[PDB]
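Same order as they appear, the protein sequences are chains A, S, V, H, D, C, G, Z, R and X.
Taking the working numbering, the leading residue of the first sequence gets 6, the next gets one more, and so forth.
Taking the working numbering, the leading residue of the second sequence gets -13, the next gets one more, and so forth.
Taking the working numbering, the leading residue of the third sequence gets 331, the next gets one more, and so forth.
Taking the working numbering, the leading residue of the fourth sequence gets 174, the next gets one more, and so forth.
Taking the working numbering, the leading residue of the fifth sequence gets 5, the next gets one more, and so forth.
Taking the working numbering, the leading residue of the sixth sequence gets -16, the next gets one more, and so forth.
Taking the working numbering, the leading residue of the seventh sequence gets 1332, the next gets one more, and so forth.
Taking the working numbering, the leading residue of the eighth sequence gets 7, the next gets one more, and so forth.
Taking the working numbering, the leading residue of the ninth sequence gets 117, the next gets one more, and so forth.
Taking the working numbering, the leading residue of the tenth sequence gets 28, the next gets one more, and so forth.
Virtual Cβ for every residue (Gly too), placed ideally from N, Cα, C.
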Amino acid sequence: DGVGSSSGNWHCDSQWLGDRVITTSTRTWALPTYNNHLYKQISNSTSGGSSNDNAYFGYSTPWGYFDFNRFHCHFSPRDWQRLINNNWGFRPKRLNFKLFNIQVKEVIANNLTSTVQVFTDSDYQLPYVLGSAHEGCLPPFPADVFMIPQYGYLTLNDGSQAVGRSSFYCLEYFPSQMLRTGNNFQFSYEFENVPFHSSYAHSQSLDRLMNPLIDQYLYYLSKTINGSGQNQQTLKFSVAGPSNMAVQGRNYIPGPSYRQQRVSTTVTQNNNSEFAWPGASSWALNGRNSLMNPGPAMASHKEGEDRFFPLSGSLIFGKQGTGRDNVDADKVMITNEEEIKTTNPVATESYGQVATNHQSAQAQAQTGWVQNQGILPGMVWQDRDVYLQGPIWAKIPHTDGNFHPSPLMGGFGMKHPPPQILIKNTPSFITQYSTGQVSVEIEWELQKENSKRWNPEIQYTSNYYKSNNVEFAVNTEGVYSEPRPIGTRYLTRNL
Amino acid sequence: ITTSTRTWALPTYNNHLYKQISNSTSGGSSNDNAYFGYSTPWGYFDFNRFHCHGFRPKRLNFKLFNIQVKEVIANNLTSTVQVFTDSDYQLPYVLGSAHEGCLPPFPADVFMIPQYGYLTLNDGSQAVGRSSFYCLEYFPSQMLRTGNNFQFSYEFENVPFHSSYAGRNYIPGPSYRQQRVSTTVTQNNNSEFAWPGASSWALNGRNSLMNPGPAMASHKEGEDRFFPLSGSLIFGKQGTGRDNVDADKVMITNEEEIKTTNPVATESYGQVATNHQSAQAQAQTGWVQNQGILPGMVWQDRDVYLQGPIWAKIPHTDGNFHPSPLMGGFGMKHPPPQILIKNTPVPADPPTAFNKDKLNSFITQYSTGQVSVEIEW
Amino acid sequence: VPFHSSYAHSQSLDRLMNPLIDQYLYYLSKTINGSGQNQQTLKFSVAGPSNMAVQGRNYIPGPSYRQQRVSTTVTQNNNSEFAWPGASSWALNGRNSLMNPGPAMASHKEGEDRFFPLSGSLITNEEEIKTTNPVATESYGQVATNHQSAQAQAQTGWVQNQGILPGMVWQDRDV
Amino acid sequence: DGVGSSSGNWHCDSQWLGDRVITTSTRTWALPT
Amino acid sequence: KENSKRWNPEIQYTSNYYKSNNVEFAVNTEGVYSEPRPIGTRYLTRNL
Amino acid sequence: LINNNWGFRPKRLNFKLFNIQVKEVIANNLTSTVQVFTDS
Amino acid sequence: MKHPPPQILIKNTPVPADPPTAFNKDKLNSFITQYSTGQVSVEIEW
Amino acid sequence: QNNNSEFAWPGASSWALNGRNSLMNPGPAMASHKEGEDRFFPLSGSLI
Amino acid sequence: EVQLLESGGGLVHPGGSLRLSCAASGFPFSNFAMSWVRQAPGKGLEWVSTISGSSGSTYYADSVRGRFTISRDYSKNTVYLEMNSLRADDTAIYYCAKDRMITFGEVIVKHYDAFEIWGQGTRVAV
Amino acid sequence: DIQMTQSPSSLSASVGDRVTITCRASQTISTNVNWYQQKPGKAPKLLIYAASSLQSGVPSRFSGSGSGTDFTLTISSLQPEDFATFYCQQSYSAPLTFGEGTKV
């Protein structure tokens, strides 16, 4: 449109409209050139390939891509607070995206004739890497300028080698748009209908749903013997009632479980051995053992045991300024997922006991522990909580069948997620980088809390006690930090 | 379209008071059994059992009429009765727990309305900061004198019919093993294995019996003397006491019609390979005690009884599998709503000089009347 | 009816991630400072391209009910009549029925084509589905069996059969 | 109206509508001479 | 309504306790209602 | 109300008095009246 | 005034210098030195 | 911390009307205490 | 300010029971871990017990464990240290200390760091 | 159980001149050590936390250093207010441990 006229304005804010929210975030970005405009085949033995568990095969591309998949992109800490204290549920509706006010720099002067190529994959033909919880998200604090992450993908492998079924994709084989300093790029997306995320905690447990004042008309076996001696066998039956709530009949049972190892934040209590990988729960696929992380949604711990956390069973976030390798416990934030204990078994405990034999006068009744339990009819469970820092959506693997597609790191499982957005630098070459702006807009649907609860709720609140710094704000050096992981589950419901 | 009518009488509960009840209220001493909750002056109506009345319920109709108030015994014509239903399902739902207090199966019997109470989150006998409290006086309700009546209609949500009949592609359904018990005491082991040998599920560090549990056949065909420990519904005979009644005072049901598509309760599901065979190592197997759902599994749900419950409320959760309830019947997200009733308290003569405190003395009073409930099946 | 799937995935369940970008999630990398007594410590590291085993994933492979592994090299096979004794079966009303073909599972690991499941094949091999489906002759995975403490070291069991879990995908059997 | 006819019902709730709230409270009283 | 552009979260009124004998603002075992503390109206903030 | 709002104020008022019961000292005296009025 | 003339806020949009050739999650700390100038006209009827 | 004497009525600020003294309660609206001091309260300054 | 008033006082006979209270004021009671530190006559000061802000984690010293019990009452903002089956060496002056580290419920972390604010203390003679 | 041993048991020194106290832990506890002082008849007061960080009210003449096993508490510009028994504490793991103490 013009060299000396801007192609777009800056939109950051949220509108709370009735039953809906509209979030809009605009960021400043910079895209370099990757691999000297080349594709370069990557395998593990390139870096030395220690384990077959780590053995991979794939490529790297010159293209970049945008990832807005984390909640702190679209929600300020206050917007997050308004949403979680006031609402039982939410879910996305429409998506909106703009790429504008582009600039290209020859390495440093202005190149006004250079272009930037961008395309979205709306038939989902490329490997979709947006559901892998990678770094490179639009920064939470809108004044941060960020670097576009380099795109890459993996395909089939045997060891470091490829196979006959392995694939290779050329992103140049997709028609794309070319943008100069007056051009802009935009598109609109429509989320496919998903169930509302539950931003609430049950006020009742699955086993306490009974009337405490009344007996059941059901009976249970109270006594198998009259007393101590020989040949004391008898069958007694009692009424299940208030005084014994453990034996009563129930219509629904807690959800599935896959047991985790229990680790204490008090280091002396832990065993003095390298049990971090050896004791971990894993699943093996094609001879390769992959760790189970975070796994099925289960409560982190039992009442009175908050010092413990499941080894691979929780989402762990880094604090601002934390390093990449071998950081201390204080430097990370281990999320707590106890709201779900009402319907979900404790991650570090066995699902229960089963009878392992037939009793007789010659054999005692023997039971054994259920370490893992698949879906049974009558089970009810909560999905994993979503956080300000955590993932929004994921793509459901395209397969003959799936069960409860909701992803295991939290968020909204989608067969047609938001499409990936690829970008590059159009290229012996001139050293070159481009910058510009990005604005994203999402419409959210909200489920209002209609509770008749008499006493006041638990709310998320900023502490008033004096401190050196304001939480969710910059320090003296100008660094923005998020002091804690904020889940969405505060308000309560009846089970 | 069945129709039922009964006569009832409603007393005054908790002396017109809401009162915290808990583990230590009843003496407690056990973590498995600990609880925290509230007892309310309100009563409620339970028609949830079949004898109060494939196939499946379509619509519902309820009526409350012929109001009679009794002050102590003389009539009281001025007094009122408060009634309301929870159609937003905002109260804790106690109707699906298989309690007593149903409309009696015999039309000339008279029944006392049971007291409304509910449980919430506990730790030990204490309350967590997430626990909830509910004043039912906070809901809009209708007040009835001796000339007033109450009625409403309810529409059952769409549910599947209940089955009422008795190299492979498909396999039998899931199993969670129950311990086997013989009706002959001399065959059973001489030890107390009632709670020790039971199949359980632990939730938040509290063991709950698995009752009735998944839907399975009670016993192998040809063995009619065995029944699963916790795996069956056990109904009491007329006159059977509350505590430690012998095996002849109760009725232990059998599911054996479902043995075609379902595994036996007391049997392992099957075997699996536990190793790699080789020239050095024999082929080893192990027993499957519990098996979750697999693609290609088929099963039959639990059969319904004349004494058995009709419906349950599907818990409100992110997900569930096969919501059909375990004690049997039609599972529903929006079941028939709770119906709450109480006598409006009548204050005795006031002190005539002002006092800040609430009025603690009332006229001893109860009410009685008629209830008709009609269901299209 | 749904379209029968007639394709082989070019990607595996464990290989979904972007090989060039580090995950923003931390895992527990080390539980001891060094060799010897009183070395307990808690160290965490970013999951990344170098270690692809420990990453977090949104989806896990489908259910499995293990089969006995039989080799096309007869000498390798055990010297016993284990065709029936070592078979995975399900019992229905007192009658043992073999599991055939059984849940759809990869017939063998990549790198061994001489092995096949005892009752698990129609000898047509399913190895194309080894991407999202575990191996019929292998364990589904490992499960922690206890609580480790200063006295007791962490322990793990083997999962021979695994029922449906939320977040599983699988391929059906091929026609 | 009559001895057996009620002159009102029990109304207690709170309605949250847009920019307004509507609160309703019903109590039972006793008046001495 | 409040339209504040404040970035960080506000202070809210919440029930602080974790485990306790009586939930606040509810009946006790005797059936006596109680209001545990006096609650003010001022939590959200404005610019002066 | 206090967490979500910067201000509030009353608008309208609706008062009702019903289900009157007059007693004698204790039985129901049906012919009595109750004197009620508002000073507007 | 309770609603005085509204504040007018202005800044130079940050234009970053050359980012590295390998992706780094940290925010860009290096920027092209820049400043702006222009004209302001304000009209007040009295 | 308090003085060892009876100052509840003698030390209280008040306003006289037509010859009768009356306690100033709660009085004009003022902060109950300086920042950092929670243990001090006005004699009749706040509602109790 | 921040103010810790502990009085359990007491002179008891060996094997007897005593309950220390510490009334805390001026800070968010739930978000800080409270601990008891003990100092015998003419000796060094010895840590006894600590309790999480949410009271989900209570840590006892090795000599103390099984005898003393720490708890907190959220209604009165008071931390209790009931001790039973006391012994001669329990004679000392007990302190009540607030932790430096502020915590919340949404992260699993150790609840003890350093004792920021102490208290004048009480004497337990036995 | 982790043991903190503070090397000078008692000490005396001239005012204004540097004093240094160190304690050696039984294992690598990283930066978890804390420093306190107790005057006669008075409750202890926190000086240093997280090995080197100083408390808001503590004078800048106090400082601390070290990691793993070894930690030192250095006092420059000793003063008459500064004469008290000093302690080092581990924050690393429970049960928590105080050093023997140093009377200065």
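Verify whether the separation of the beta carbon atoms of residue i and residue j is less than 8 Å.
| i | j | result |
| --- | --- | --- |
| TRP285 of chain S | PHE316 of chain S | no |
| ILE209 of chain R | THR166 of chain R | no |
| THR71 of chain S | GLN324 of chain S | yes |
| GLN266 of chain A | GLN478 of chain V | yes |
| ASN59 of chain X | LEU73 of chain X | no |
| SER1361 of chain G | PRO1347 of chain G | yes |
| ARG213 of chain A | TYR75 of chain S | no |
| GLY406 of chain A | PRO281 of chain S | yes |
| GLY177 of chain H | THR132 of chain S | yes |
| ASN189 of chain A | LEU135 of chain A | no |
| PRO35 of chain X | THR129 of chain X | yes |
| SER24 of chain D | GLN112 of chain S | yes |
| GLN452 of chain A | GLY54 of chain A | no |
I'd like to confirm something about residue i: is its beta-carbon nearer than 7 Å to some heavy atom of the ligand MN, or not?
| i | result |
| --- | --- |
| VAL332 of chain S | Here there are no bound small molecules, and the ligand MN is not part of this structure. |
Less than 8 Å between C-beta atoms, sequence neighbours within five positions excluded: which residues of the same chain meet that for residue i?
| i | result |
| --- | --- |
| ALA40 of chain X | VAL46, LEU105 and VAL131 |
| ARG170 of chain A | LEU161 |
So what's residue i in DSSP terms, helix, strand or just coil?
| i | result |
| --- | --- |
| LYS1333 of chain G | coil |
| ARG75 of chain A | strand |
| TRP85 of chain A | helix |
| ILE107 of chain A | strand |
| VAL272 of chain A | helix |
| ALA204 of chain R | helix |
| residue 250 of chain R | No answer is possible for residue 250 of chain R: it lies beyond the span of chain R, which begins at 117 and ends at 242. |
To which residues of the same chain is residue i closer than 6 Å at the C-beta, ignoring the five residues directly before and after it?
| i | result |
| --- | --- |
| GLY416 of chain V | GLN398 |
| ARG396 of chain V | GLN490 |
| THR(-11) of chain S | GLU360 |
| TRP28 of chain S | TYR102, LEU122, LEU326 and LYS328 |
| residue 560 of chain A | The structure shown does not extend to residue 560 of chain A, since chain A is modelled only from 6 through 500, so no value can be given for it. |
| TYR37 of chain D | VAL31 |
What residues in its chain sit with their C-beta under 7 Å from that of residue i, if we drop five residues either side in the sequence?
| i | result |
| --- | --- |
| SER262 of chain A | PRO301, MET303, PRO350, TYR356, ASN377 and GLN378 |
| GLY142 of chain R | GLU117, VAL118 and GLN119 |
(message) Quick test of the definition: if touching needs 3 or more C-beta pairs under 8 Å, does the segment 0 to 20 of chain S touch the segment 316 to 326 of chain S?
(response) no
(message) So, does the segment 453 to 463 of chain A touch the segment 300 to 308 of chain A, judging by three or more C-beta pairs under 8 Å?
(response) no
(request) Scan the segment 84 to 164 of chain S and note each continuous beta strand (DSSP E) run of 3 residues or more that stays entirely inside, going in chain order. (result) 96 to 98, 101 to 105, 112 to 114, 128 to 130 and 136 to 141
(request) Taking 8 Å as the threshold, find out whether the segment 128 to 148 of chain S comes into contact with the segment 218 to 228 of chain S through three or more Cβ pairs. (result) no
(message) What ranges does the beta strand (DSSP E) occupy inside the segment 329 to 408 of chain A, keeping only unbroken runs of at least 3 residues that lie completely in it?
(response) 337 to 339, 357 to 360, 372 to 375, 384 to 386, 398 to 400 and 406 to 408
(request) Indicate whether the contact test is met: 3 or more Cβ pairs, each with one atom in the segment 87 to 105 of chain A and one in the segment 35 to 42 of chain A, closer than 8 Å. (result) Segments in contact, no.
(request) Count the C-beta pairs between the segment 227 to 243 of chain A and the segment 174 to 188 of chain S that are closer than 8 Å, then say yes if the count reaches three, no if not. (result) Judged by Cβ distances under 8 Å, the segment 227 to 243 of chain A makes contact with the segment 174 to 188 of chain S, as three or more pairs qualify.
(message) Under 8 Å, with one C-beta from each stretch per pair, do the segment 116 to 125 of chain X and the segment 81 to 92 of chain X reach the 3-pair mark?
(response) The segment 116 to 125 of chain X vs the segment 81 to 92 of chain X: no contact.
(request) Give a yes or no on contact between the segment 180 to 195 of chain S and the segment 226 to 237 of chain S, applying the rule of three or more CB pairs nearer than 8 Å. (result) no
(message) With three or more beta-carbon pairs closer than 8 Å as the criterion, would you say the segment 214 to 225 of chain R touches the segment 193 to 201 of chain R?
(response) No, the segment 214 to 225 of chain R is not in contact with the segment 193 to 201 of chain R.
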